[PDB]
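We place every Cβ from the backbone using ideal geometry, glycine too, and count neighbours over all the protein chains shown. What follows is calculated from the coordinates using simple rules that are stated; it is not laboratory data.
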Ligand code: HEM
Ligand code: HEM
Ligand code: HEM
Ligand code: HEM
Ligand SMILES: CCCCCCCCCCCCCC(=O)O[C@H](COC(=O)CCCCCCCCCCC)COP(=O)(O)O
Ligand SMILES: CCCCCCCCCCCCCC(=O)O[C@H](COC(=O)CCCCCCCCCCC)COP(=O)(O)O
């Protein structure tokens, strides 16, 4: 029996560790099923894939700056002087079976990690999920985003190719040395001297494979533990209160959904690693300070910083025989941005005065000022990101490069103001669209002509009606309102069968009746539970 | 101020995370205070010091096998060809302020880590702490010891000096390639080809700073969590049962003792790091296959394996045009040893038939067969360890090297048998020594001549006496028995004061009376708890 072996192992485990009650508490934990609550899972799974592929990569990578002569299989670089880091990155992609695939899956997983962190942050901010008791966990997430940005930056610097080395010389070396008083000291502590030196790539490698990922893993553990023991927020809806969680238990539904989502995310990243080239370093050549190429963009999650460098004017100060160069603005700006991101929940509770416990989320339309502010911030982020690509955009879309930088310069002031105003009005406009349905019911789209010639649209009330037949106006409850009759079931269902052949009508009748009975029973269950609380 | 701040922060934490009950459960957890229960945390603290100093070391180490010419300050190696790994190990010890100290603290901490694991294992085995419900946690510890051995080996292989490279060529390369059918394939998977190659040191570096220490950290977490939630064993004693834990709560006594022990272990390892040279690699030179030195010992925790290689005879087989060389025996032997170590609790429950829950420890004298077996195993371990140093012993202690080989060969069979017999008889002899005190009381050492000329020693009974005055024989309770009258308080106390000047007599009287009252109250509390249960 497999049942007998399961019972025997269960009894052995329970007699040795008595975990029954704690395990059962974990099995009975309820998670809300909203689609947007799966956004953090994407970041977690990307991080796991990054760990697996990165461990595979460390078995082959030599991060040395020692200069060598290539002598590998890639003929266009035979005899070319390069570092050991560049040569072993080439050896991974040409001399190890599956190395190019693993490398591309790694770097795509890094892109998906950063992108899903950004999207998940947008959900947290716009729904108000950062509010108490949960602002520490917003802070932890903010730190996670900064660490992911710098981890990804250090990662693609490791191969010591021309493009990434150009990025290192300008950002890591150029901005650092420009910091007032202690800029050159920080530069010579980090590089061991002047750029490029001989220690940089081994040090970045140590930061990238162990130190930063260890901090990230610890912070992700704290983050998930806080979510787990603070009990995920939920949207307003039928039966949902400030004191309960509506959804599904872990066992089995949420566990199955999480595992299947992990498998599908892995599949997407594997398809991208196979089917799309990313960072083909053999085309770039080894890093040489005398060479450069057009189009020196960083990975996208760094582009905004680069975009800021491109847009800020050549404003410098020369006090008492010293120099404060342009880059000092960018560094300061970066700090300001990060400081505003970490501090946002406390800023908002100071401004709004709202310091209440919150477990029910806000729909973004219902908090028009915060939605406008977040839209303004996303507009600025997109403008800086595209300013970083201004040279590519100039080449491909026939815009003067000088024009692109002036468009970015005026835009970083003008576009966020326009976006703020539009987003504010749009949010209030959605509120009014909800009020219309609450007052009049759902517009069905059916127009009829009355005998005297009036044209009226048929409405479907969402609640009770009066003697005249008009609906009683309903109160907004923070939850979405239906606006299409088909979304209320008006379309029915086609005959059941395969796509090409119907099955017997008795089967169709039984199945349809069972489906309607089940739907009614679930609605009644939520309604009665709502009624008694 | 400082109290209102603590209350405010406590309320802020409790309103957001409601941790009061779980935290209080952690504060009230009771740990037994036995000195030998501190052996595991020496290993934990050594591991923590290893992590800190190792992170410091990765900021400077380049693990490349790329050959360069030494350009540093150490004049006796100027112009000498070496790997980048040997280069940067020299740069750490001469060109980074504090680098030699950090490196020596790292290596001493590794030695203390291995030695602590060994001594703690000896406690676990001899006291029976591995018995159910704790078999798994013995297995986890066994894996931890194997991983620590190989982690330390890889760590001292990283600098690529002559001594450690000689160790790599013989053990990692020679034994591996000797393996039947799959030997040479394993060698070429590990080295990327023939020894030495170009990938070995970067790969070992990746294993050493991230992969193996990550597995060790996960296993240590599981280990400590199992101890924490399975509730540490204890020795038999007054008030101790199979169902309770006697000792001190975490807050504050156990926390203070743990922190102070951590500080003292750190102090010892810091004194060793800057008072005793360990591994001065500049004296050894870079690794070259044409060179070797007398005295090729590994670190001590590997010596037994090396000792086995030295002692096993040149027995080889040559079946059908193939070769099974001598080293295969050693490989098999190692596996056997590890398999016997991991499997011991299940072996002993199969042999003894004892499958009961156990929370009370056994005194090693009371389990004479297991004590004899463990003594036999320690004798074999010491013989193999000293066989590894047989050449040093031959030079320093004037023994023929051939004679040391044969002493190790014969002693490998004879010494464990002698040690088993002696340890068995010695354990039973201690049992009889306990029985003597149980029937007759404590020999006080005072001899008295009776009027008719008899000589009698005065005894101190440990329980009630007869009308004749002889003690009633007491029953052994698995706990130690006093054997010195001074350990029962017969010596009194000197007299209160500084070392040179007495305190006022009234102070001395009050202090002595309070001390006696407190001791009596403590004894009475334990006694009445024992009487109740
Ligand atoms: C490595 C990056 C991150 C990972 C892997 C991650 C992962 C997750 C996951 C899985 C959840 C729970 C499921 C969900 O709501 O989506 C979650 C919740 C949360 N995350 Fe993140 N997160 C990251 C970064 C961030 C960031 C950038 C923020 C915001 C600054 C943030 C704030 C939160 C908050 C407040 C919650 C709880 C929300 C709630 O209950 O509804 N996290 N995170
Ligand atoms: C936050 C998680 C991580 C991110 C975002 C990340 C990102 C990156 C990026 C962008 C690169 C350059 C990729 C290129 O080849 O095209 C890279 C390279 C590399 N990463 Fe990671 N990485 C992460 C974690 C890890 C981890 C944990 C390891 C771990 C052991 C690792 C090992 C490597 C190695 C060896 C390389 C160099 C190999 C090569 O470039 O191809 N990475 N990483
Ligand atoms: C990295 C190596 C190890 C570390 C850091 C470690 C640490 C510790 C610590 C702190 C304890 C609790 C305190 C104590 O009794 O000393 C403990 C308990 C334990 N260890 Fe270890 N240990 C290691 C290896 C081992 C080994 C090699 C074994 C045996 C094969 C083992 C088996 C146990 C068992 C059975 C306990 C619980 C004993 C009891 O309750 O009395 N551990 N370990
Ligand atoms: C179980 C833990 C560890 C043990 C037993 C151990 C052991 C050793 C030993 C014996 C050495 C040779 C030291 C010497 O130069 O004389 C070494 C080198 C080294 N270890 Fe560790 N180690 C451990 C953990 C770590 C960790 C976690 C790191 C990384 C953070 C690390 C980083 C290094 C580095 C970079 C070297 C080479 C530099 C050098 O030799 O000086 N170690 N290790
Ligand atoms: C994880 C390794 C082993 C997994 C098997 C354990 C789960 C099945 C055992 C119990 C279910 C069947 C009924 C039964 O045997 O009842 C009992 C066994 O279960 C228990 O009482 C304790 C189980 C708790 C351990 C579970 C921890 C983690 C398991 C989750 C794995 C997904 C025995 O039935 P009986 O005594 O005959 O009435
Ligand atoms: C760890 C950061 C902050 C540490 C401060 C928290 C501990 C002190 C607060 C409570 C003790 C004093 C009495 C008091 O204020 O009573 C109350 C505060 O304590 C609580 O009720 C909750 C405390 C639980 C949090 C502790 C978790 C970790 C702390 C351990 C740190 C070693 C407030 O008293 P009151 O409401 O005025 O009756």
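Starting from a label point 7 Å past Cα on the Cβ side, list the distances from residue A:448 to the same position in the other copies, nm, shortest first.
Copy-to-copy label distances for residue A:448: 12.2 nm.
In peptide B:85-92, what is the residue-averaged number of other protein chain Cβ atoms found within 10 Å of each Cβ?
Partner-chain Cβ atoms within 10 Å, mean over residues of B:85-92: 1.
So, in Å, what gap is there between the alpha-carbon centers of the range A:392-412 and the range B:115-145?
68
Considering every Cα-Cα pair within the protein assembly as shown, what fraction, in whole percent, is farther apart than 58 Å?
Roughly 32 percent, rounded to a whole number.
Based on the mean of other beta carbon atoms within 10 Å per residue, what is the order of B:335-348, B:31-44, most packed first?
B:31-44, B:335-348
With the label 7 angstrom out along Cα to Cβ, how close does residue A:264 come to the same site in each of the other copies, in nm, nearest first?
So the distances to the same position in the other copies read 5.9 nm.
Between the range B:358-373 and the range A:431-484, how many Å separate their Cα centres?
Using only Cα atoms, the two centres lie 84 Å from each other.
Per DSSP helix of 4 or more residues, -39500 (n - 2.57); summed, then divided by the residues of chain B. What does that give at 222 nm, rounded to the nearest 500?
Mean residue ellipticity, 222 nm, calculated: -19000 deg cm²/dmol.
Counting partner chain Cβ atoms within 10 Å of every residue's Cβ in B:131-142, what's the average?
Whole-number average of other-chain Cβ neighbours for B:131-142 is 1.
From the label point of residue A:520, set 7 Å from Cα along Cα→Cβ, how far away are the matching label points in the other copies, in nm, ordered shortest to longest?
The projected label point of residue A:520 is separated from its counterparts by 8.4 nm.
Calculated FRET efficiency, residue B:312 and residue B:219, Cβ-Cβ r, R0 35 Å, to nearest 0.05?
About 0.65, to the nearest 0.05.
Compute the relative contact order of the range A:297-433 as a whole-number percentage, counting only Cα pairs closer than 8 Å that sit 6 or more residues apart in sequence.
Dividing the mean separation by the residue count of the range A:297-433 yields 35 percent.
Going by average Cβ neighbours within 10 Å, how do the peptides A:231-244, B:454-467, B:198-211 rank, with the highest at the top?
Packing order, densest peptide first, comes out as B:198-211, A:231-244, B:454-467.
Taking each residue of B:56-64 in turn, how many C-beta atoms of other protein chains fall within 10 Å of its C-beta, and what is the average?
That works out to 6 on average.
Using Cα centres only, tell me the gap between the range A:1-27 and the range B:257-292 in whole Å.
The range A:1-27 and the range B:257-292 have Cα centres spaced 46 Å from each other.
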